[PDB]
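**Student:** Have a look at this one.
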Amino acid sequence: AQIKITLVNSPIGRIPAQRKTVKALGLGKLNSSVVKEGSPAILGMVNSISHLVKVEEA
RNA sequence: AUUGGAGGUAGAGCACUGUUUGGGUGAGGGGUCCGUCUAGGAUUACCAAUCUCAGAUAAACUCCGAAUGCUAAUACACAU
């Protein structure tokens with residue numbers, strides 16, 4: 001499963017344990033779809049951070 | 001993200017320290033009279049000496065015991 005990564009919310013107004021995670025995925029402005037790394041357990045990014053990104057199978 | 005530990009916090013029940021509701025349990029301590037060789041046997045009365053059974057009760061209760069988080073290694077992702 002190879003998944004690209006989207007956005008639904010600005011990072012303003014959340015935990016820095018969300019800020020640095022979005023930073024770790026490295027998107028910058030919104031919905032710059034980082035077409036990368038659908039390997040699991042950094043699916044913990046897409047699932048711990050699941051309030052934020054549509055799972056888009058790249 | 002997984003594994004590894006650690007912490008007793010919240011919660012709870014009471015396992016101890018505290019407080020406490022009943023019910024049972026009882027010397028005794030104050031009410032007949034026999035009665036001050038003579039003490040008493042007493043009547044019931046408040047607690048009934050504990051303990052027993054349910055009922056709780058808490059920051060300085062904890063036989064327990066989280067979820068969270070913190071840390072170690074590993075994994076993957078990055079760039080510090």
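Letters A, B, ... mark the chains of the structure tokens in the order given; residue numbers begin at 1 per chain; ligand numbers begin at 1, in order shown.
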Please return, as a list in words, all residues of chain A that DSSP assigns to alpha helix (DSSP H) on the basis of the backbone.
**Tutor:** residues 16, 17, 18, 19, 20, 21, 22, 23, 24, 25, 43, 44, 45, 46, 47 and 48 of chain A
**Student:** Go ahead and write the residues just picked, N, CA, C and O atoms, as a compact mmCIF listing (two decimals), in the first residue's frame.
**Tutor:**
```txt
# COMPACT_ATOMS: atom_id res chain seq x y z
N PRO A 16 2.26 20.89 19.94
CA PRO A 16 3.55 20.74 19.26
C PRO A 16 3.91 19.32 18.93
O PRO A 16 4.63 19.09 17.95
N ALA A 17 3.35 18.34 19.65
CA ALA A 17 3.34 16.95 19.23
C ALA A 17 2.37 16.68 18.08
O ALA A 17 2.07 15.52 17.81
N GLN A 18 1.81 17.72 17.46
CA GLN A 18 1.29 17.67 16.12
C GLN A 18 2.11 18.50 15.15
O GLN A 18 2.32 18.06 14.01
N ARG A 19 2.61 19.65 15.63
CA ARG A 19 3.45 20.55 14.83
C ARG A 19 4.67 19.83 14.27
O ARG A 19 4.90 19.82 13.05
N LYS A 20 5.45 19.20 15.14
CA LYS A 20 6.67 18.56 14.68
C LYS A 20 6.40 17.28 13.92
O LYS A 20 7.28 16.79 13.21
N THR A 21 5.20 16.73 14.04
CA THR A 21 4.87 15.56 13.25
C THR A 21 4.56 15.95 11.82
O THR A 21 5.02 15.30 10.88
N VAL A 22 3.78 17.02 11.65
CA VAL A 22 3.53 17.59 10.33
C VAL A 22 4.83 18.08 9.72
O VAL A 22 5.06 17.96 8.50
N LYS A 23 5.71 18.63 10.55
CA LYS A 23 7.05 18.99 10.12
C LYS A 23 7.84 17.77 9.68
O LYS A 23 8.60 17.83 8.70
N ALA A 24 7.67 16.65 10.38
CA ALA A 24 8.40 15.44 10.05
C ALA A 24 7.93 14.86 8.72
O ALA A 24 8.74 14.35 7.94
N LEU A 25 6.63 14.96 8.44
CA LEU A 25 6.16 14.62 7.11
C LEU A 25 6.59 15.65 6.09
O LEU A 25 6.74 15.30 4.91
N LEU A 43 2.65 4.56 9.27
CA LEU A 43 1.21 4.73 9.28
C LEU A 43 0.72 5.19 10.64
O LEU A 43 -0.41 5.66 10.77
N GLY A 44 1.55 5.05 11.67
CA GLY A 44 1.28 5.71 12.93
C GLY A 44 1.27 7.22 12.78
O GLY A 44 0.62 7.90 13.58
N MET A 45 1.98 7.76 11.79
CA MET A 45 1.76 9.14 11.40
C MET A 45 0.34 9.34 10.89
O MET A 45 -0.37 10.25 11.31
N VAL A 46 -0.09 8.48 9.96
CA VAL A 46 -1.38 8.74 9.31
C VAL A 46 -2.55 8.29 10.17
O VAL A 46 -3.70 8.51 9.78
N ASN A 47 -2.29 7.73 11.33
CA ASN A 47 -3.35 7.17 12.15
C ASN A 47 -3.36 7.74 13.54
O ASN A 47 -4.44 7.96 14.11
N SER A 48 -2.19 8.00 14.12
CA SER A 48 -2.13 8.93 15.24
C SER A 48 -2.51 10.31 14.75
O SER A 48 -3.38 10.98 15.33
```
**Student:** Taking only C-alpha atoms (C1' of nucleotides) into account, what are the residues of chain B at most 8 Å from chain A, put as number ranges by chain?
**Tutor:** B: 1, 76-78
**Student:** Residues near residue 8 of chain A, anyone? I mean within 12 Å using only C-alpha atoms (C1' of nucleotides), not counting same-chain ones fewer than 2 positions away, as a CSV table (one decimal) with C-alpha atoms, in the first residue's frame.
**Tutor:**
```csv
chain,number,residue,atom,x,y,z
A,5,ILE,CA,-0.7,12.6,2.1
A,6,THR,CA,-3.1,15.5,2.1
A,10,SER,CA,-3.9,24.3,9.4
A,11,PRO,CA,-1.3,23.3,12.1
A,29,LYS,CA,2.0,24.8,2.7
A,30,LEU,CA,-1.2,22.8,2.6
A,31,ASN,CA,-1.9,19.7,0.5
A,32,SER,CA,1.6,19.7,-1.0
A,33,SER,CA,1.1,16.0,-1.4
A,49,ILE,CA,-2.4,11.9,13.0
A,50,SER,CA,-5.6,10.8,11.5
A,51,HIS,CA,-7.7,14.0,12.2
A,52,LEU,CA,-5.8,15.7,9.5
A,53,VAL,CA,-5.0,13.8,6.3
A,54,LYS,CA,-7.1,11.9,3.8
A,55,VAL,CA,-5.6,8.5,3.1
```
**Student:** Step one, run DSSP on the backbone; step two, keep only residues of chain A assigned to strand (DSSP E or B); then write them as a ChimeraX atom specification.
**Tutor:** /A:3-5,55-57
**Student:** Between atom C1' of residue 67 of chain B and atom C1' of residue 12 of chain B, what is the spacing in Å?
**Tutor:**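 Atom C1' of residue 67 of chain B lies 14.3 Å from atom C1' of residue 12 of chain B.
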**Student:** Taking 3 positions as the minimum chain separation for residues in the same chain, which residues sit within 8 Å of residue 35 of chain A when counting only C-alpha atoms (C1' of nucleotides)? Answer as a PyMOL selection string.
**Tutor:** chain A and resi 3-5+58
**Student:** For those residues, write C-alpha atoms to a file as an mmCIF file, in the first residue's frame.
**Tutor:**
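Output below, filename again-v8.cif:
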```cif
data_model
loop_
_atom_site.group_PDB
_atom_site.id
_atom_site.type_symbol
_atom_site.label_atom_id
_atom_site.label_comp_id
_atom_site.auth_asym_id
_atom_site.auth_seq_id
_atom_site.Cartn_x
_atom_site.Cartn_y
_atom_site.Cartn_z
ATOM 1 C CA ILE A 3 -0.187 6.362 0.102
ATOM 2 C CA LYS A 4 0.125 10.069 -0.599
ATOM 3 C CA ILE A 5 -0.673 12.584 2.077
ATOM 4 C CA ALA A 58 -0.689 6.957 -4.298
#
```
**Student:** I'd like the interatomic distance between atom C1' of residue 65 of chain B and atom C1' of residue 15 of chain B, to a tenth of an Å.
**Tutor:**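 Those two atoms sit 13.7 Å apart.
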**Student:** If you count only C-alpha atoms (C1' of nucleotides), which residues fall within 12 Å of residue 32 of chain B, apart from same-chain ones fewer than 3 positions away, as a list in words?
**Tutor:**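 In the requested format, the answer is residues 41, 42, 43 and 44 of chain B.
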**Student:** Output N, CA and C atoms (P, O5', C5', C4', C3', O3' and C1' of nucleotides) for every residue in that selection, as a PDB file, in the first residue's frame.
**Tutor:**
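Final file, part.pdb:
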```pdb
ATOM      1  P     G B  41     -24.130 -10.017  92.649  1.00  0.00           P
ATOM      2  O5'   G B  41     -25.413 -10.803  92.130  1.00  0.00           O
ATOM      3  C5'   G B  41     -25.678 -12.135  92.539  1.00  0.00           C
ATOM      4  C4'   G B  41     -27.161 -12.386  92.599  1.00  0.00           C
ATOM      5  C3'   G B  41     -27.959 -11.811  91.440  1.00  0.00           C
ATOM      6  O3'   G B  41     -27.962 -12.627  90.285  1.00  0.00           O
ATOM      7  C1'   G B  41     -28.952 -11.137  93.451  1.00  0.00           C
ATOM      8  P     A B  42     -27.937 -11.939  88.835  1.00  0.00           P
ATOM      9  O5'   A B  42     -29.292 -11.098  88.787  1.00  0.00           O
ATOM     10  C5'   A B  42     -29.266  -9.679  88.730  1.00  0.00           C
ATOM     11  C4'   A B  42     -30.315  -9.055  89.616  1.00  0.00           C
ATOM     12  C3'   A B  42     -31.374  -8.242  88.894  1.00  0.00           C
ATOM     13  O3'   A B  42     -32.453  -9.046  88.461  1.00  0.00           O
ATOM     14  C1'   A B  42     -30.473  -6.964  90.661  1.00  0.00           C
ATOM     15  P     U B  43     -32.589  -9.435  86.914  1.00  0.00           P
ATOM     16  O5'   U B  43     -33.986  -8.803  86.492  1.00  0.00           O
ATOM     17  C5'   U B  43     -34.566  -7.757  87.255  1.00  0.00           C
ATOM     18  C4'   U B  43     -34.826  -6.552  86.398  1.00  0.00           C
ATOM     19  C3'   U B  43     -33.654  -6.031  85.595  1.00  0.00           C
ATOM     20  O3'   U B  43     -33.333  -6.813  84.466  1.00  0.00           O
ATOM     21  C1'   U B  43     -34.829  -4.221  86.548  1.00  0.00           C
ATOM     22  P     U B  44     -31.871  -6.675  83.821  1.00  0.00           P
ATOM     23  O5'   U B  44     -32.085  -5.695  82.589  1.00  0.00           O
ATOM     24  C5'   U B  44     -33.256  -5.781  81.785  1.00  0.00           C
ATOM     25  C4'   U B  44     -33.450  -4.536  80.963  1.00  0.00           C
ATOM     26  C3'   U B  44     -32.643  -3.328  81.438  1.00  0.00           C
ATOM     27  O3'   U B  44     -31.907  -2.639  80.395  1.00  0.00           O
ATOM     28  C1'   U B  44     -34.982  -2.810  81.448  1.00  0.00           C
TER      29        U B  44
END
```
**Student:** Please, what distance in Å, to one decimal, runs between atom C1' of residue 80 of chain B and atom CA of residue 56 of chain A?
**Tutor:**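 Taking atom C1' of residue 80 of chain B and atom CA of residue 56 of chain A, their separation equals 29.2 Å.
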**Student:** Need to verify the contact set: residue 21 of chain B, 12 Å, only C-alpha atoms (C1' of nucleotides), exclusion of same-chain residues closer than 6 positions in sequence. Can you return it as a PyMOL selection string?
**Tutor:** chain B and resi 54-57
